[PDB]
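Source file: my_file.pdb; contents: PDB, C-alpha atoms and all ligand atoms.
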ATOM      1  CA  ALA P   1      -8.265 -21.041   3.968
ATOM      2  CA  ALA P   2      -5.723 -18.389   2.899
ATOM      3  CA  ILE P   3      -6.529 -14.783   3.817
ATOM      4  CA  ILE P   4      -6.112 -12.872   0.557
ATOM      5  CA  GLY P   5      -6.657  -9.141   0.068
ATOM      6  CA  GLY P   6      -9.646  -8.361  -2.162
ATOM      7  CA  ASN P   7     -11.551 -11.501  -1.261
ATOM      8  CA  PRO P   8     -14.969 -11.270   0.411
ATOM      9  CA  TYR P   9     -15.942 -11.644   4.045
ATOM     10  CA  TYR P  10     -19.451 -11.674   5.545
ATOM     11  CA  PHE P  11     -21.447 -10.395   8.504
ATOM     12  CA  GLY P  12     -25.189 -10.424   8.845
ATOM     13  CA  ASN P  13     -26.733  -8.966   5.735
ATOM     14  CA  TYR P  14     -23.413  -7.682   4.376
ATOM     15  CA  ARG P  15     -20.267  -8.307   2.389
ATOM     16  CA  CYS P  16     -16.959  -6.379   2.538
ATOM     17  CA  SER P  17     -13.519  -7.140   1.072
ATOM     18  CA  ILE P  18     -10.459  -8.203   3.037
ATOM     19  CA  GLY P  19      -7.838  -5.458   3.003
ATOM     20  CA  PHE P  20      -4.408  -6.799   4.031
ATOM     21  CA  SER P  21      -3.313  -9.645   6.312
ATOM     22  CA  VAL P  22      -1.870  -8.277   9.583
ATOM     23  CA  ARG P  23      -0.355  -9.502  12.847
ATOM     24  CA  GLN P  24      -0.670  -8.107  16.364
ATOM     25  CA  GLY P  25       1.939  -9.851  18.459
ATOM     26  CA  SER P  26       0.839 -13.489  18.264
ATOM     27  CA  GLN P  27      -2.639 -12.690  16.884
ATOM     28  CA  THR P  28      -3.450 -12.568  13.176
ATOM     29  CA  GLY P  29      -6.138 -10.875  11.139
ATOM     30  CA  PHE P  30      -6.717  -8.430   8.382
ATOM     31  CA  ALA P  31      -7.065  -4.673   7.950
ATOM     32  CA  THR P  32     -10.335  -3.393   6.581
ATOM     33  CA  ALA P  33     -12.624  -0.344   6.547
ATOM     34  CA  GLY P  34     -14.033   0.807   9.916
ATOM     35  CA  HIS P  35     -17.514   1.165   8.426
ATOM     36  CA  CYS P  36     -17.732  -2.574   7.681
ATOM     37  CA  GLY P  37     -18.464  -3.182  11.370
ATOM     38  CA  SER P  38     -17.866  -1.795  14.815
ATOM     39  CA  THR P  39     -15.644  -3.377  17.465
ATOM     40  CA  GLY P  40     -16.942  -6.804  18.524
ATOM     41  CA  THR P  41     -18.858  -7.518  15.291
ATOM     42  CA  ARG P  42     -18.738 -11.242  14.425
ATOM     43  CA  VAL P  43     -17.692 -12.064  10.841
ATOM     44  CA  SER P  44     -17.724 -15.257   8.767
ATOM     45  CA  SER P  45     -15.735 -16.632   5.797
ATOM     46  CA  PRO P  46     -13.305 -16.212   7.507
ATOM     47  CA  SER P  47     -14.572 -16.649  11.064
ATOM     48  CA  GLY P  48     -13.412 -13.649  13.033
ATOM     49  CA  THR P  49     -14.349 -10.678  15.156
ATOM     50  CA  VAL P  50     -13.835  -6.981  14.496
ATOM     51  CA  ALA P  51     -10.960  -6.294  16.888
ATOM     52  CA  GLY P  52     -10.833  -2.542  16.228
ATOM     53  CA  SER P  53     -12.880  -0.013  14.255
ATOM     54  CA  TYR P  54     -12.717   3.771  14.041
ATOM     55  CA  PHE P  55     -15.622   5.094  11.955
ATOM     56  CA  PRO P  56     -16.695   7.826  11.354
ATOM     57  CA  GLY P  57     -13.952  10.452  11.785
ATOM     58  CA  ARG P  58     -11.582   7.913  10.274
ATOM     59  CA  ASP P  59     -12.508   4.761   8.334
ATOM     60  CA  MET P  60     -10.180   2.105   9.648
ATOM     61  CA  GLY P  61     -10.575  -1.307  11.268
ATOM     62  CA  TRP P  62      -9.225  -4.773  11.601
ATOM     63  CA  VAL P  63     -10.629  -8.262  12.044
ATOM     64  CA  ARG P  64      -8.983 -10.879  14.252
ATOM     65  CA  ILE P  65      -9.261 -14.322  12.686
ATOM     66  CA  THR P  66      -9.087 -17.863  14.157
ATOM     67  CA  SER P  67      -6.775 -20.845  13.593
ATOM     68  CA  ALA P  68      -9.174 -22.014  10.847
ATOM     69  CA  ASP P  69      -7.630 -19.437   8.477
ATOM     70  CA  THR P  70      -4.114 -18.322   7.501
ATOM     71  CA  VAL P  71      -2.558 -14.921   6.764
ATOM     72  CA  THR P  72      -0.717 -14.362   3.468
ATOM     73  CA  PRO P  73       1.080 -11.354   1.971
ATOM     74  CA  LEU P  74      -1.196 -11.740  -1.051
ATOM     75  CA  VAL P  75      -3.759  -9.635  -2.900
ATOM     76  CA  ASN P  76      -6.159 -11.064  -5.500
ATOM     77  CA  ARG P  77      -5.345  -9.742  -8.971
ATOM     78  CA  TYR P  78      -8.664 -11.085 -10.335
ATOM     79  CA  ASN P  79      -7.139 -12.663 -13.425
ATOM     80  CA  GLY P  80      -6.500 -16.091 -11.883
ATOM     81  CA  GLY P  81      -3.532 -14.894  -9.825
ATOM     82  CA  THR P  82      -2.104 -12.661  -7.110
ATOM     83  CA  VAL P  83       0.174  -9.709  -6.244
ATOM     84  CA  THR P  84       2.667  -9.976  -3.356
ATOM     85  CA  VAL P  85       2.701  -7.118  -0.816
ATOM     86  CA  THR P  86       6.293  -6.261   0.151
ATOM     87  CA  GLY P  87       5.754  -3.095   2.226
ATOM     88  CA  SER P  88       3.639   0.045   2.683
ATOM     89  CA  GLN P  89       5.788   2.800   1.179
ATOM     90  CA  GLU P  90       3.327   5.643   0.508
ATOM     91  CA  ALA P  91       2.881   6.629  -3.125
ATOM     92  CA  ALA P  92       2.921  10.279  -4.183
ATOM     93  CA  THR P  93      -0.028  12.331  -5.319
ATOM     94  CA  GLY P  94      -0.391  11.697  -9.041
ATOM     95  CA  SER P  95       0.810   8.080  -8.815
ATOM     96  CA  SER P  96      -1.040   5.191 -10.423
ATOM     97  CA  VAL P  97      -2.790   2.917  -7.970
ATOM     98  CA  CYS P  98      -5.012  -0.171  -8.164
ATOM     99  CA  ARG P  99      -7.617  -1.652  -5.843
ATOM    100  CA  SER P 100      -8.966  -5.163  -5.386
ATOM    101  CA  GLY P 101     -12.454  -6.084  -4.185
ATOM    102  CA  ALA P 102     -15.047  -8.836  -4.219
ATOM    103  CA  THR P 103     -17.590  -7.088  -6.409
ATOM    104  CA  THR P 104     -15.576  -5.444  -9.194
ATOM    105  CA  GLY P 105     -12.233  -7.287  -9.043
ATOM    106  CA  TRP P 106      -9.118  -5.288  -9.979
ATOM    107  CA  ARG P 107      -9.545  -1.653 -10.946
ATOM    108  CA  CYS P 108      -6.983   1.085 -11.415
ATOM    109  CA  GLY P 109      -6.673   4.817 -11.459
ATOM    110  CA  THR P 110      -4.623   7.772 -10.252
ATOM    111  CA  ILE P 111      -4.167   9.266  -6.763
ATOM    112  CA  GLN P 112      -5.611  12.785  -7.076
ATOM    113  CA  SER P 113      -5.647  14.363  -3.636
ATOM    114  CA  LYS P 114      -4.809  13.383  -0.069
ATOM    115  CA  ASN P 115      -6.236  14.355   3.309
ATOM    116  CA  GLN P 116      -9.772  14.768   1.962
ATOM    117  CA  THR P 117     -12.939  15.067   4.028
ATOM    118  CA  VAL P 118     -16.128  13.285   2.952
ATOM    119  CA  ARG P 119     -19.508  13.885   4.653
ATOM    120  CA  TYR P 120     -20.894  10.298   4.597
ATOM    121  CA  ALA P 121     -24.473   9.670   5.835
ATOM    122  CA  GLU P 122     -23.071   7.961   9.007
ATOM    123  CA  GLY P 123     -20.828  10.924   9.698
ATOM    124  CA  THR P 124     -17.874  12.844   8.391
ATOM    125  CA  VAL P 125     -14.600  11.084   7.632
ATOM    126  CA  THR P 126     -11.280  12.948   7.258
ATOM    127  CA  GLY P 127      -7.786  12.021   6.012
ATOM    128  CA  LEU P 128      -8.954  10.152   2.890
ATOM    129  CA  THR P 129      -7.173   9.841  -0.424
ATOM    130  CA  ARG P 130      -9.281  10.528  -3.531
ATOM    131  CA  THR P 131      -8.594   8.498  -6.682
ATOM    132  CA  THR P 132     -10.040   8.106 -10.148
ATOM    133  CA  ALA P 133     -10.565   4.325  -9.726
ATOM    134  CA  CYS P 134     -14.136   2.986  -9.559
ATOM    135  CA  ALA P 135     -15.701   0.743  -6.899
ATOM    136  CA  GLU P 136     -19.053  -0.767  -5.962
ATOM    137  CA  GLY P 137     -20.756  -2.062  -2.834
ATOM    138  CA  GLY P 138     -18.939  -5.164  -1.529
ATOM    139  CA  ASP P 139     -15.540  -3.720  -2.511
ATOM    140  CA  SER P 140     -15.225  -1.763   0.749
ATOM    141  CA  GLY P 141     -12.254  -2.625   2.922
ATOM    142  CA  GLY P 142     -10.264  -3.957  -0.025
ATOM    143  CA  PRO P 143      -6.590  -3.193  -0.600
ATOM    144  CA  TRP P 144      -4.900  -0.510  -2.697
ATOM    145  CA  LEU P 145      -1.473  -1.128  -4.216
ATOM    146  CA  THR P 146       1.044   0.920  -6.085
ATOM    147  CA  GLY P 147       3.236  -1.878  -7.434
ATOM    148  CA  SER P 148       3.995  -4.081  -4.410
ATOM    149  CA  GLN P 149       3.421  -1.255  -1.884
ATOM    150  CA  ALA P 150       0.245  -1.209   0.246
ATOM    151  CA  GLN P 151      -1.556   2.176   0.108
ATOM    152  CA  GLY P 152      -4.914   1.881   1.855
ATOM    153  CA  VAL P 153      -8.274   0.232   2.177
ATOM    154  CA  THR P 154     -11.430   1.180   0.290
ATOM    155  CA  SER P 155     -13.612   3.634   2.226
ATOM    156  CA  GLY P 156     -16.219   5.023  -0.145
ATOM    157  CA  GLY P 157     -16.940   6.878  -3.318
ATOM    158  CA  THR P 158     -19.540   7.561  -5.968
ATOM    159  CA  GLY P 159     -20.623   5.939  -9.214
ATOM    160  CA  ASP P 160     -19.790   2.396 -10.270
ATOM    161  CA  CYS P 161     -17.495   0.392 -12.513
ATOM    162  CA  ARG P 162     -19.847   0.255 -15.468
ATOM    163  CA  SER P 163     -19.912   3.997 -16.109
ATOM    164  CA  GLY P 164     -17.129   5.113 -13.759
ATOM    165  CA  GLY P 165     -16.776   7.123 -10.596
ATOM    166  CA  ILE P 166     -14.351   8.230  -7.941
ATOM    167  CA  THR P 167     -13.207   6.330  -4.881
ATOM    168  CA  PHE P 168     -11.689   7.230  -1.555
ATOM    169  CA  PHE P 169      -9.255   5.135   0.463
ATOM    170  CA  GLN P 170      -8.228   5.156   4.119
ATOM    171  CA  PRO P 171      -4.391   5.221   4.034
ATOM    172  CA  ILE P 172      -2.887   2.035   5.454
ATOM    173  CA  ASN P 173      -0.084   3.393   7.585
ATOM    174  CA  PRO P 174      -2.352   5.365   9.970
ATOM    175  CA  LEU P 175      -4.474   2.203  10.336
ATOM    176  CA  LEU P 176      -1.480   0.002  11.222
ATOM    177  CA  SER P 177      -0.238   2.649  13.658
ATOM    178  CA  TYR P 178      -3.570   3.272  15.426
ATOM    179  CA  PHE P 179      -4.246  -0.405  16.051
ATOM    180  CA  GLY P 180      -0.606  -1.391  16.688
ATOM    181  CA  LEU P 181      -0.525  -3.825  13.708
ATOM    182  CA  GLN P 182       2.283  -5.269  11.594
ATOM    183  CA  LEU P 183       1.657  -5.729   7.861
ATOM    184  CA  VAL P 184       2.189  -9.264   6.536
ATOM    185  CA  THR P 185       4.750  -8.950   3.719
ATOM    186  CA  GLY P 186       6.521 -11.260   1.234
TER     187      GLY P 186
HETATM  188  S1  LIG L   1     -16.977   0.662  -0.463
HETATM  189  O1  LIG L   1     -16.149   1.647   0.305
HETATM  190  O2  LIG L   1     -15.899  -0.168  -1.621
HETATM  191  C1  LIG L   1     -18.026   1.405  -1.672
HETATM  192  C2  LIG L   1     -17.396   2.011  -2.759
HETATM  193  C3  LIG L   1     -18.145   2.605  -3.767
HETATM  194  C4  LIG L   1     -19.534   2.575  -3.714
HETATM  195  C5  LIG L   1     -20.286   3.244  -4.856
HETATM  196  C6  LIG L   1     -21.711   3.643  -4.478
HETATM  197  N1  LIG L   1     -22.136   4.802  -5.238
HETATM  198  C7  LIG L   1     -20.172   1.951  -2.626
HETATM  199  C8  LIG L   1     -19.419   1.358  -1.608
END
Reformat the file's structure so that it appears as structure tokens.
Ligand SMILES: *S(=O)(=O)c1ccc(CCN)cc1
Amino acid sequence: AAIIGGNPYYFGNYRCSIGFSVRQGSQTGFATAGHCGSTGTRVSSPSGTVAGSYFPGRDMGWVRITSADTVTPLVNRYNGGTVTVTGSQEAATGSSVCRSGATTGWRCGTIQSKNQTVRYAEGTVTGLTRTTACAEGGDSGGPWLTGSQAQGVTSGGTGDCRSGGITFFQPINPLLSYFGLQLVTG
């Protein structure tokens, strides 16, 4: 099947959301949150393995997939259709931004503050961008877009999408750099 940002993937007892399709030389996969699974973790739908994961400290990872699935430059818009990712030009503080994830679909907000530190129960994570968008469990790893420009993957936050909350993302460019990944674009 097509790898599409915002769609679910599974491992053991858990669900996270695909971030962005990526390539590493001849290999393919998708960016995600580090906390979704440590290096070597097997995943299903799509079949893959966590090829890299830095969490805590950062919250960045990627999953290498198999020939049974195909990378796309697409993100699920959760209204029947998709958004095409054309690059990863970083949006400014104050910009609108939207995220996609398997539990709450498409949700939007504003980028409030960058380089934020959050003391998660598993350990402290730095370098995060705080937004006013909401998220819920299952949405983690999912992509953030300002227009057609990739911003990050969902790391954490508080509250929910019924009553609202705040949400943190791991910026995408540090993730691509750390793991030596190329973003799949259209
Ligand atoms: S995960 O990083 O999308 C995530 C986001 C938000 C929550 C809200 C829990 N209070 C949980 C998991």
What are the nearest atom pairs, with distances in Å to one decimal, for all residues of chain P that come at most 9 Å from ligand LIG 1 (chain L), using all atoms listed in the file, set out by chain and rising residue number as JSON lines?
{"residue": "P:16", "atom": "CA", "partner": "L:LIG1", "partner_atom": "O2", "distance": 7.5}
{"residue": "P:17", "atom": "CA", "partner": "L:LIG1", "partner_atom": "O2", "distance": 7.8}
{"residue": "P:33", "atom": "CA", "partner": "L:LIG1", "partner_atom": "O1", "distance": 7.4}
{"residue": "P:35", "atom": "CA", "partner": "L:LIG1", "partner_atom": "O1", "distance": 8.2}
{"residue": "P:36", "atom": "CA", "partner": "L:LIG1", "partner_atom": "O1", "distance": 8.6}
{"residue": "P:101", "atom": "CA", "partner": "L:LIG1", "partner_atom": "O2", "distance": 7.3}
{"residue": "P:103", "atom": "CA", "partner": "L:LIG1", "partner_atom": "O2", "distance": 8.6}
{"residue": "P:134", "atom": "CA", "partner": "L:LIG1", "partner_atom": "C3", "distance": 7.1}
{"residue": "P:135", "atom": "CA", "partner": "L:LIG1", "partner_atom": "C3", "distance": 4.4}
{"residue": "P:136", "atom": "CA", "partner": "L:LIG1", "partner_atom": "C4", "distance": 4.1}
{"residue": "P:137", "atom": "CA", "partner": "L:LIG1", "partner_atom": "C8", "distance": 3.9}
{"residue": "P:138", "atom": "CA", "partner": "L:LIG1", "partner_atom": "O2", "distance": 5.8}
{"residue": "P:139", "atom": "CA", "partner": "L:LIG1", "partner_atom": "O2", "distance": 3.7}
{"residue": "P:140", "atom": "CA", "partner": "L:LIG1", "partner_atom": "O2", "distance": 2.9}
{"residue": "P:141", "atom": "CA", "partner": "L:LIG1", "partner_atom": "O2", "distance": 6.3}
{"residue": "P:142", "atom": "CA", "partner": "L:LIG1", "partner_atom": "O2", "distance": 7.0}
{"residue": "P:153", "atom": "CA", "partner": "L:LIG1", "partner_atom": "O1", "distance": 8.2}
{"residue": "P:154", "atom": "CA", "partner": "L:LIG1", "partner_atom": "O1", "distance": 4.7}
{"residue": "P:155", "atom": "CA", "partner": "L:LIG1", "partner_atom": "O1", "distance": 3.8}
{"residue": "P:156", "atom": "CA", "partner": "L:LIG1", "partner_atom": "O1", "distance": 3.4}
{"residue": "P:157", "atom": "CA", "partner": "L:LIG1", "partner_atom": "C3", "distance": 4.5}
{"residue": "P:158", "atom": "CA", "partner": "L:LIG1", "partner_atom": "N1", "distance": 3.9}
{"residue": "P:159", "atom": "CA", "partner": "L:LIG1", "partner_atom": "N1", "distance": 4.4}
{"residue": "P:160", "atom": "CA", "partner": "L:LIG1", "partner_atom": "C5", "distance": 5.5}
{"residue": "P:161", "atom": "CA", "partner": "L:LIG1", "partner_atom": "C5", "distance": 8.6}
{"residue": "P:165", "atom": "CA", "partner": "L:LIG1", "partner_atom": "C5", "distance": 7.8}
{"residue": "P:166", "atom": "CA", "partner": "L:LIG1", "partner_atom": "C3", "distance": 8.0}
{"residue": "P:167", "atom": "CA", "partner": "L:LIG1", "partner_atom": "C3", "distance": 6.3}
{"residue": "P:168", "atom": "CA", "partner": "L:LIG1", "partner_atom": "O1", "distance": 7.4}
{"residue": "P:169", "atom": "CA", "partner": "L:LIG1", "partner_atom": "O1", "distance": 7.7}
(request) Determine the nearest neighbour of residue 10 in chain P from the options P:82, P:47, P:182, P:93, counting only C-alpha atoms. (result) P:47
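Our summary of the geometry notes that CA of residue 162 in chain P is positioned 9.5 Å from CA of residue 104 in chain P.
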(request) Show which residues sit within 12 Å of residue 186 in chain P, as a PyMOL selection string. Count all atoms listed in the file, and ignore same-chain residues fewer than 5 positions away. (result) chain P and resi 21+71-75+83-88+148-150
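As for CA of residue 7 in chain P and CA of residue 23 in chain P, they are spaced 18.1 Å apart.
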(request) Considering all atoms listed in the file, return as a list in words whatever protein or nucleic-acid residues lie within 10 Å of residue 63 in chain P, sequence-local ones (same chain, fewer than 5 positions apart) excluded. (result) residues 18, 19, 21, 22, 28, 29, 30, 31, 32, 33, 34, 37, 39, 40, 41, 42, 43, 46, 47, 48, 49, 50, 51, 52 and 53 of chain P
(request) Find, counting only C-alpha atoms, the residue in P:60, P:3, P:176, P:145 that gets nearest to residue 100 in chain P. (result) P:145
(message) With distances taken over all atoms listed in the file, which residue among P:70, P:146, P:132, P:76 lies nearest residue 90 in chain P?
(response) P:146
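Counting from CA of residue 121 in chain P, the distance to CA of residue 61 in chain P is 18.5 Å.
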Any chance you could work out the axis-aligned box around range 91-106 of chain P, listed atoms only, 3 Å on each side, giving centre and edge lengths in Å to one decimal, as lines of an AutoDock Vina configuration file?
center_x = -7.3
center_y = 1.7
center_z = -6.8
size_x = 26.5
size_y = 27.2
size_z = 13.3
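Within the 7 Å cut-off around residue 97 in chain P, using all atoms listed in the file and omitting residues fewer than 5 positions from it on the same chain, the listed residues are residues 108, 109, 110, 111, 144, 145 and 146 of chain P.
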Taking C-alpha atoms for each residue, export the selection above as a PDB file, in the frame of the given file.
ATOM      1  CA  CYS P 108      -6.983   1.085 -11.415  1.00  0.00           C
ATOM      2  CA  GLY P 109      -6.673   4.817 -11.459  1.00  0.00           C
ATOM      3  CA  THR P 110      -4.623   7.772 -10.252  1.00  0.00           C
ATOM      4  CA  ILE P 111      -4.167   9.266  -6.763  1.00  0.00           C
ATOM      5  CA  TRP P 144      -4.900  -0.510  -2.697  1.00  0.00           C
ATOM      6  CA  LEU P 145      -1.473  -1.128  -4.216  1.00  0.00           C
ATOM      7  CA  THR P 146       1.044   0.920  -6.085  1.00  0.00           C
TER       8      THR P 146
END
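The point (-6.4, 14.8, -0.1) has these residues within 8 Å of it, counting all atoms listed in the file: residues 112, 113, 114, 115, 116, 117, 127, 128, 129 and 130 of chain P.
Shortest atom-to-atom contact with residue 118 in chain P among P:151, P:56, P:143, P:96: P:56, counting all atoms listed in the file.
Taking only C-alpha atoms into account, residue 99 in chain P lies nearest to P:152 out of the set P:152, P:123, P:171, P:25.
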Output: range 86-105 of chain P of the preceding structure, restricted to N, CA and C atoms, written as a PDB file, in the first residue's frame.
ATOM      1  N   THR P  86       6.046  19.386  -0.712  1.00  0.00           N
ATOM      2  CA  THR P  86       6.982  19.827  -1.756  1.00  0.00           C
ATOM      3  C   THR P  86       8.378  20.202  -1.218  1.00  0.00           C
ATOM      4  N   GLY P  87       8.538  20.208   0.100  1.00  0.00           N
ATOM      5  CA  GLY P  87       9.797  20.619   0.709  1.00  0.00           C
ATOM      6  C   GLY P  87       9.652  20.688   2.220  1.00  0.00           C
ATOM      7  N   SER P  88      10.691  21.187   2.893  1.00  0.00           N
ATOM      8  CA  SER P  88      10.682  21.329   4.349  1.00  0.00           C
ATOM      9  C   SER P  88      11.216  22.698   4.786  1.00  0.00           C
ATOM     10  N   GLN P  89      10.793  23.732   4.065  1.00  0.00           N
ATOM     11  CA  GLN P  89      11.112  25.107   4.446  1.00  0.00           C
ATOM     12  C   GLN P  89      10.425  25.429   5.774  1.00  0.00           C
ATOM     13  N   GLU P  90      11.246  25.743   6.775  1.00  0.00           N
ATOM     14  CA  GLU P  90      10.796  25.988   8.150  1.00  0.00           C
ATOM     15  C   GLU P  90       9.929  27.239   8.228  1.00  0.00           C
ATOM     16  N   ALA P  91       8.768  27.095   8.852  1.00  0.00           N
ATOM     17  CA  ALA P  91       7.869  28.209   9.083  1.00  0.00           C
ATOM     18  C   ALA P  91       8.342  29.021  10.281  1.00  0.00           C
ATOM     19  N   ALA P  92       8.002  30.306  10.289  1.00  0.00           N
ATOM     20  CA  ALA P  92       8.334  31.201  11.378  1.00  0.00           C
ATOM     21  C   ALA P  92       7.436  31.015  12.590  1.00  0.00           C
ATOM     22  N   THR P  93       7.968  31.402  13.748  1.00  0.00           N
ATOM     23  CA  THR P  93       7.158  31.515  14.944  1.00  0.00           C
ATOM     24  C   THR P  93       5.986  32.438  14.636  1.00  0.00           C
ATOM     25  N   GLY P  94       4.800  32.014  15.056  1.00  0.00           N
ATOM     26  CA  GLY P  94       3.573  32.740  14.775  1.00  0.00           C
ATOM     27  C   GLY P  94       2.805  32.225  13.563  1.00  0.00           C
ATOM     28  N   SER P  95       3.444  31.388  12.742  1.00  0.00           N
ATOM     29  CA  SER P  95       2.802  30.867  11.538  1.00  0.00           C
ATOM     30  C   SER P  95       1.668  29.896  11.876  1.00  0.00           C
ATOM     31  N   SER P  96       0.670  29.811  11.008  1.00  0.00           N
ATOM     32  CA  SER P  96      -0.281  28.710  11.091  1.00  0.00           C
ATOM     33  C   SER P  96       0.435  27.406  10.771  1.00  0.00           C
ATOM     34  N   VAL P  97      -0.118  26.312  11.279  1.00  0.00           N
ATOM     35  CA  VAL P  97       0.424  25.003  11.005  1.00  0.00           C
ATOM     36  C   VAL P  97      -0.706  23.999  11.235  1.00  0.00           C
ATOM     37  N   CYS P  98      -0.663  22.881  10.518  1.00  0.00           N
ATOM     38  CA  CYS P  98      -1.629  21.805  10.733  1.00  0.00           C
ATOM     39  C   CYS P  98      -0.908  20.489  10.880  1.00  0.00           C
ATOM     40  N   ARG P  99      -1.515  19.584  11.641  1.00  0.00           N
ATOM     41  CA  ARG P  99      -1.020  18.222  11.810  1.00  0.00           C
ATOM     42  C   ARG P  99      -2.061  17.198  11.385  1.00  0.00           C
ATOM     43  N   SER P 100      -1.557  16.036  10.982  1.00  0.00           N
ATOM     44  CA  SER P 100      -2.382  14.899  10.603  1.00  0.00           C
ATOM     45  C   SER P 100      -2.043  13.692  11.455  1.00  0.00           C
ATOM     46  N   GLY P 101      -3.066  12.985  11.933  1.00  0.00           N
ATOM     47  CA  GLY P 101      -2.823  11.762  12.705  1.00  0.00           C
ATOM     48  C   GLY P 101      -4.009  10.833  12.733  1.00  0.00           C
ATOM     49  N   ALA P 102      -3.743   9.583  13.086  1.00  0.00           N
ATOM     50  CA  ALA P 102      -4.730   8.506  12.933  1.00  0.00           C
ATOM     51  C   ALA P 102      -5.922   8.618  13.860  1.00  0.00           C
ATOM     52  N   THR P 103      -5.738   9.295  14.988  1.00  0.00           N
ATOM     53  CA  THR P 103      -6.803   9.362  15.980  1.00  0.00           C
ATOM     54  C   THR P 103      -7.730  10.565  15.781  1.00  0.00           C
ATOM     55  N   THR P 104      -7.141  11.739  15.543  1.00  0.00           N
ATOM     56  CA  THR P 104      -7.945  12.959  15.456  1.00  0.00           C
ATOM     57  C   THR P 104      -8.029  13.592  14.063  1.00  0.00           C
ATOM     58  N   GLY P 105      -7.408  12.961  13.067  1.00  0.00           N
ATOM     59  CA  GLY P 105      -7.416  13.493  11.710  1.00  0.00           C
ATOM     60  C   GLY P 105      -6.554  14.731  11.545  1.00  0.00           C
TER      61      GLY P 105
END
